[PDB]
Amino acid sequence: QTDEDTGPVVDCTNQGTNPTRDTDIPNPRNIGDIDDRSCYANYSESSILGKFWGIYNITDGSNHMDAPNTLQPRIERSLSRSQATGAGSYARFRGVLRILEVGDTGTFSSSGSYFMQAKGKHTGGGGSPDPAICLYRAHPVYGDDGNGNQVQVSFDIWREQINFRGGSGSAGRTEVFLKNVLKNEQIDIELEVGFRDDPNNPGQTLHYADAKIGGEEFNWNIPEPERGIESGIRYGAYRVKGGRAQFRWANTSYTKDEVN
C-alpha cells in the first residue's frame, strides 16, 4: 500500500493548478490554513498504513502563485502564531511524517526540501519582512533499487538556522545535521517554538526552537531572544530546486500559549 507519485516529474498538472493559495479540500484532516503555491499538486489525502495522510507534493518550477523567479514552490499549512514573549509562551506542532522524495540538484547547498519551519518576526529590521528562523531540510541518500538504479532510499534531516535575526544565504544561515530516517518510515514529529526563563540570567528570556524527531530531541536557542516578538510554525512541503518532493503528514495537532 503506497501513496507515492512515481510518474514523470513535470511542473504542472491540471489537478494541481489551483487558482488561489487558499485552495483546500472540505474538512481537511491536517490542522492549519492551506497555502498552496505549486501547480504540480493540490493538498489531498490518502488512507494507508492505518492512518489518514495529508499529501504534500511539489516539483521544480511549479510555483505559479509567487511572482516569477522569486520563492520556491510550496504547499504548507500555517498555524496561528504565539504573539507573546514572556516565559511560557509557545507554539507547539505535532504530527507523524513520512518522507518519500526530496529535491536534488546534485549540490548539497541547493538540494533537499523542507517539511516544516519555525518563523517569527523581530524588532530592529534585518531580513525579509516575514523572516524564517529555522527550517527542517531533508536531503536525499541514494541506494540501489534491486535492479541497478540509484534511487532515494533514506533522508538526512538537517536544521537550516539563522546565524542572527533575519539572516539568509551563505553568510546568514548554518546547517546542523540532525539524523537520518528511512524512506516511508513513519516518524513522530514535535516542534515547539517558544520563550522560557534563561537559567544563566535571572530576568532574561531564551527563545527556542526545540524539535523531537523519531524520539530524539534536537533543541536549539534562537539568537538574540530579546528581539523576537512571536513564535510561529508552518509545515508541509517547501523548496525543490531540482526534481520532486513528497511529504506525508498524519495526526497533526497544534496548540499555543501567549504569556506576557
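Counting begins at 1, following the sequence as shown.
Mean CA B-factor: is it higher for 142 to 150 or for 155 to 163? Result of the comparison: 142 to 150.
Hey, which bit's got the bigger mean C-alpha B factor in the entry, 198 to 206 or 55 to 63? For C-alpha atoms only, the mean B-factor is higher in 198 to 206.
Among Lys183, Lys121, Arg77, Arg74, single out the one with the highest C-alpha B factor in the record, please. Largest recorded C-alpha B-factor: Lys183.
Largest Cα B-factor, entry values, listed residues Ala171, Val102, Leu178, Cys134: Comparing C-alpha B-factors across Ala171, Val102, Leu178, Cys134, the maximum falls on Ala171.
Give the position of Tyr43 by CA B-factor within its chain, expressed as the lowest, middle or highest third. Its C-alpha B-factor belongs to the middle third of this chain's values.
Among the modelled residues of its chain, does the C-alpha B-factor of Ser113 lie in the lowest, middle or highest third? For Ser113, the deposited C-alpha B-factor lands in the lowest third.
Ranking every modelled residue in this chain by its Cα temperature factor as given in the entry, which third contains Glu224? For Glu224, whose C-alpha B-factor we compare with every modelled residue in the chain, the answer is the highest third.
Quick check on the deposited entry: does the C-alpha B-factor of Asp22 sit in the lowest, middle or highest third of its chain? Tercile = lowest for this residue's CA B-factor.
Third of the chain's Cα B-factor distribution that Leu97 belongs to, per the entry: Its C-alpha B-factor, which the entry lists for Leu97, ranks in the lowest third among residues of this chain.
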